[PDB]
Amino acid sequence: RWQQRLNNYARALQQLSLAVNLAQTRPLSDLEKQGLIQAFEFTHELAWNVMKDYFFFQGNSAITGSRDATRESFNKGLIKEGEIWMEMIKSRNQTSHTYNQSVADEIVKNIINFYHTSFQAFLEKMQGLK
């Protein structure tokens, strides 16, 4: 059920948002930065599964993974910022290298400056769809 996936996406995003707000109030420790990255990862995993579950509900069983799901979501208007959602997939592919502080800082910057807003917009869109 795509609505159950959406409810879990909402929960995960709530945790990500608490971390983003914290980072707004003060600098994050190195450990907290790693945690923000992990929350981004479980929120994005939920998001593209919401996409795939929703298109399955619509009758599209051809979508396989996150790139398929993101491309169909952009094509059908579930997301507007196709570029940012593609960048998220690239960021996920960098996860194993965040023990380098430059990589961690770059991913954190993208999460705060771009991904959180896009996650919130996708939540609002999918909630409006049911």
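Throughout, we count residues from 1 along the sequence that is shown.
Higher mean CA temperature factor, per the PDB entry, when comparing 34-42 with 100-108: 100-108. Mean CA B-factor, 20-28 versus 110-118: the higher value falls on 20-28. Looking at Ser66, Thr95, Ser73, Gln58, the one whose CA carries the top B-factor in the deposited record is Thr95. Sort the modelled residues of the chain by CA B factor and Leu129 lands in the highest third. Residue-level temperature factors show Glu87 in the middle third of its chain, judged at the C-alpha atom.
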